[PDB]
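Novice: Protein chains in written order, with the entry's author numbering: chain H, 99 to 147; chain A, 15 to 58; chain R, 1029 to 1126; chain P, 242 to 289; chain V, 784 to 874, 888 to 930; chain F, 1 to 64; chain S, 50 to 97; chain C, 14 to 54, 106 to 316; chain Y, 386 to 433; chain G, 393 to 441. Just so you know, even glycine gets a beta-carbon here, dropped at the ideal spot from N, CA and C.
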Amino acid sequence: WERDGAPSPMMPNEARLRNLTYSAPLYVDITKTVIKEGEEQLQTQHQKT
Amino acid sequence: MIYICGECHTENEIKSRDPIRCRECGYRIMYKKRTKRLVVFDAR
Amino acid sequence: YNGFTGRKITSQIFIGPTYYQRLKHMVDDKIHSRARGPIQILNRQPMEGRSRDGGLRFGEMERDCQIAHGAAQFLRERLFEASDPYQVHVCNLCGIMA
Amino acid sequence: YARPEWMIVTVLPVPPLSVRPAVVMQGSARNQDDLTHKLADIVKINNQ
Amino acid sequence: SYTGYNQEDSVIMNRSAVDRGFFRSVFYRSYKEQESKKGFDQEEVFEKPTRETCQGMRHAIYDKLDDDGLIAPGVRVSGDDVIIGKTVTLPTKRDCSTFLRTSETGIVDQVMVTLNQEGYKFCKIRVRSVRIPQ
Amino acid sequence: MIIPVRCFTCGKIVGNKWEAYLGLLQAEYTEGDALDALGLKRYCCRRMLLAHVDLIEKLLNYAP
Amino acid sequence: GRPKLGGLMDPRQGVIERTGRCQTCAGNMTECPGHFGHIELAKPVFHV
Amino acid sequence: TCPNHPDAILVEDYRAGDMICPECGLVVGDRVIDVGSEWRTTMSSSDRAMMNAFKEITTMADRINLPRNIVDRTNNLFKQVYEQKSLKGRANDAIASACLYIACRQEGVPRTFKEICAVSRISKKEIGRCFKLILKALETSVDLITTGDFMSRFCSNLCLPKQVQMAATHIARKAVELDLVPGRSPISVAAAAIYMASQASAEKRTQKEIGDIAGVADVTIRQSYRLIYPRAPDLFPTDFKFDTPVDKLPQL
Amino acid sequence: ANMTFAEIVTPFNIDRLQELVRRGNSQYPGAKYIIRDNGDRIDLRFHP
Amino acid sequence: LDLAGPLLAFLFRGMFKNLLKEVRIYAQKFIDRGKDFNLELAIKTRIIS
Ligand SMILES: [Zn+2]
Ligand SMILES: [Zn+2]
Ligand SMILES: [Zn+2]
Ligand SMILES: [Zn+2]
Ligand SMILES: [Zn+2]
């Protein structure tokens, strides 16, 4: 991610040249369920957190 | 003060104040242009 | 044939193509020297400046060797005159540095 | 040369500046030595 | 056993072969430097230091440096030369230039300027030195 | 990187025999026949072409 | 901008900067051997 | 203090780390330079609260992949503000979030308040309050944001091609120069210029997609677009390739 | 050329040493410094 | 022989435990305060990165 925040695929040569760390963004799907003792459950899924 | 964009090899003049970003390609790797000074090599 | 005089060498020499490798150990990377170079201000002892002039450690083995040699004058020079020559004024009555 | 009462610190000796010097680093910043740092606390607690 | 100079694992080499490129090699040393504004009181920047700008400067000439504070490729360098002119603001400004060692003598092969992982202006200077068998 | 201009051992010019040598190999000559055809009598000169590795052809694959 | 007397960096303890001399020794950074300061303890302390 | 030549600039020499009389050669000082030191060639509550602020800044900054130079700059802004204490009553999370916005502005890579709000628990409102207070507390100011500062991020986040991003940049700048969007927020103009440029290209994006990434309501985009739409042929670059002609762009 | 030995000036080497002094560091063999009777050190490369 | 896989899997297991530990602490503080918590804010991407 450049200073301006634009993501760009990092080539290994750029990583060696610019002293970057050649890393892959890791995402996980998370499902949040909440119960408020009111015989009801709310289930929400945070995709690719 | 000319720098050569490492990607598109396009020479661009950059001052002390402006960023390194390539004028056309936006690439951020710039190589200084070869010196105009005369360097002599004895062919030994 | 001997290159200097051209006379044949009495023994025949074994000669042929052999693969050789040049190792990364160049002499220019290992040559270093030190003569009254920079010193650490706290320790007042040799240290590298803008070269490899850090000096050689005159360790226990060199001291013990010079002791066996009996070169007490050289032993003193290496371990004192050549590293951190210093002098102080001391009180004869209280033995403390004055 | 040695006395039992001298084993009690009634006055503290402060080492010379050369034993605990303040080096100049990254400009004019006087980087004080570890002893000077503790000497600052000693005098603060002493005054307190 | 030609004249004894090869004794005890030593080797004698053909000077004319070495002169023809036998085992000749090139040694490349890459010097990296960055300008970082960590701490608002300190601001290091690449620029050729000048007498009126620095309260104290050594007699080593900075004439090899360009207006951007970096030496250009194709310039010969030695331990007496400065490859990078960096200066930091004092709370006059101090000079924190990057010198080569007295043993380091070569030619600047390449000088690239970029923004490193930290986003700070960064550069690498590769110095080329030809190692002839000796 | 590239074919030596002179044979290290004896100085015979070999820097002009590389494309000739490769041309002969394409013409199905064996390495021994090709070196003979080029006039590389000494094993020191033969060692130059027979053992050369033309990496410059590989370095030219990267854009300037 | 200058060292203070009776402070941790009291100029009598030694040379303050390489381009100076302590008033007690009148000698340079290397010539001056350094001198000890002292802190009178408001209460005696056991020497560890 | 030259013994020989007073009022002489003694020359510092690295060969031995000493100073020499510049007009005699007499060596003054034994080896006082320490050339290697010159050129290489349990916690206070105030510090603890600052440490927590730093951990908060690095956390918020990492969520948006802000570079470390911006974090250092932010930490220096926070130290000055925290030491100035005119915001001593404000929560450190608000000060840090406001400091992060200022650092991005000072660095020329502005993040909208909604973006900084999205990574911090503090609302835009409280961030806005601490922001203005900090500028006064620091007695400084930040350059006014421009439509071109967001094009790179929004277009990249929208996966828009380079020419679309350039067209959007030209469209937004020209719309501001032509004053077609008076008083509109630059984000709204940027989003509208991106919408126009996107719709003119093969890579078509909806107002919701652009709205979600730019942080602008589709209504605000629609209004801002409606103001610039009549001048669309003048706003696009002369050297642009239209997949959908400017005269046929969506009218609403 | 880098390492040195301090030769005491005697009427027997005064002339030989005078030669090495004028040669200095630029020409090998030469001399790096002169130590006067006062104990002061003079670098010949600064004022040859 | 513990190669790059078994070695990195051992770290990621420890770094993930810390991530979940950190999410519990953050979410629990907000739940105790009686307010919902934003899952996207609880996660400290610095732990794994
Ligand atoms: Zn480019
Ligand atoms: Zn006494
Ligand atoms: Zn041959
Ligand atoms: Zn003194
Ligand atoms: Zn003088």
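1. Counting only beta-carbon separations shorter than 8 Å, does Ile33/C have a partner in chain Y?
2. Which word fits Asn1071/R, buried or exposed, when buried means at least 16 other C-beta atoms lie within 10 angstroms of its C-beta?
3. Looking at the C-beta of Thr129/H, does it have a partner C-beta in chain G at a distance below 8 Å?
4. Is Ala419/G helix, strand or coil by DSSP?
5. Would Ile128/C and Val206/C qualify as a contact pair, given that the criterion is a beta-carbon distance under 8 Å?
6. Could you give the first and the last residue of the continuous alpha helix (DSSP H) run that contains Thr233/C?
7. Who are the Cβ neighbours of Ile1095/R in its own chain at under 8 Å, not counting the five residues just before and after it?
8. For the stretch 284-301 of chain C and the stretch 237-247 of chain C, state whether three or more C-beta atom pairs, one from each stretch, are separated by less than 8 Å.
9. Looking at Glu120/C and ligand 1, is the gap between the Cβ and the nearest heavy atom below 7 Å?
10. Beta-carbon distances below 6 Å to any heavy atom of ligand 3 define the shell here; list its residues in chain order, please.
11. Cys1119/R to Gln62/S, Cα distance in whole Å?
12. Would you mind working out which of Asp243/C, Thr210/C, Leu164/C, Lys226/C sits nearest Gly192/C, comparing C-alpha positions?
13. So is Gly38/C in contact with chain R if we call contact Cβ pairs under 8 Å?
14. From the DSSP output, which residues share a beta bridge with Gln145/H?
15. What in chain R is Cβ-close to residue 322/C, meaning under 8 Å?
16. Would you give the residue range spanned by the alpha helix (DSSP H) that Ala264/C belongs to?
17. Apart from the five residues just before and just after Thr389/Y, which ones in its own chain have a Cβ nearer than 8 Å to its Cβ?
18. What's the C-alpha gap between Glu171/C and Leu55/F?
19. Any heavy atom of ligand 4 closer than 7 Å to the Cβ of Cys81/S?
20. For my contact list, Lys869/V and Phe829/V are in at a C-beta cut-off of 8 Å; report their separation, rounded to the angstrom.
21. Hey, which unbroken runs of the beta strand (DSSP E) at 3 residues or more fall wholly within the stretch 800-831 of chain V?
22. Just verifying my parser: in three-state terms, what is the DSSP assignment at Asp32/A?
23. Whole angstroms are fine: how far does the CA of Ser220/C sit from the CA of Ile251/C?
24. Give the DSSP bridge partners of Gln139/H, in chain order.
25. On the CB-based measure, 16 or more other CB atoms within 10 Å of its CB, does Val253/C come out buried or exposed?
26. Between the alpha carbons of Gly406/G and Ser106/H, how many angstroms are there, rounded?
27. How big is the Cα-Cα spacing for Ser893/V and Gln906/V?
28. Which chain R residues are close to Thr54/C, counting only those with a beta carbon under 7 Å from its beta carbon?
29. What are the uninterrupted segments assigned as alpha helix (DSSP H) that are 4 or more residues long and contained completely in the stretch 119-195 of chain C, given in chain order?
30. Can you tell me where the alpha helix (DSSP H) with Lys889/V in it begins and where it stops?
31. For chain S, find out if any of its Cβ atoms is closer than 8 Å to the Cβ of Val173/C; answer yes or no.
32. Distance check for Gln229/C and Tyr45/A, CA to CA, integer angstroms please.
33. Name the chain V residues whose beta carbon is nearer than 7 Å to that of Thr24/A?
34. Is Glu818/V closer than 8 Å to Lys917/V when the C-beta atoms are compared?
35. Sorry if obvious, but does the Cβ on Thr24/A come closer than 7 Å to a heavy atom of ligand 1?
36. Verify the contact flag: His1053/R, CB atom, against every heavy atom of ligand 5, threshold strictly below 7 Å.
Specialist: Judging by the given coordinates:
1. yes
2. exposed
3. no
4. helix
5. no
6. 226-241
7. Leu1103
8. yes
9. no
10. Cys7/F, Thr9/F, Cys10/F, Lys12/F, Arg42/F, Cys44/F, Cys45/F
11. 18 Å
12. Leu164/C
13. no
14. For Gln145/H, which the question treats as bridged, DSSP gives no partner whatsoever.
15. Nothing about residue 322/C can be read from this structure; chain C reaches only from 14 to 316.
16. 250-264
17. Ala416, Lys417, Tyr418
18. 46 Å
19. yes
20. 6 Å
21. 808-818, 827-829
22. coil
23. 15 Å
24. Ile133/H
25. buried
26. 30 Å
27. 18 Å
28. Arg1078
29. 132-148, 156-170, 177-183
30. First-last for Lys889/V: 889-891, but that is the beta strand (DSSP E), not the alpha helix (DSSP H).
31. no
32. 26 Å
33. Chain V residues near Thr24/A: none, gap ~15 Å exceeds 7 Å.
34. yes
35. yes
36. no
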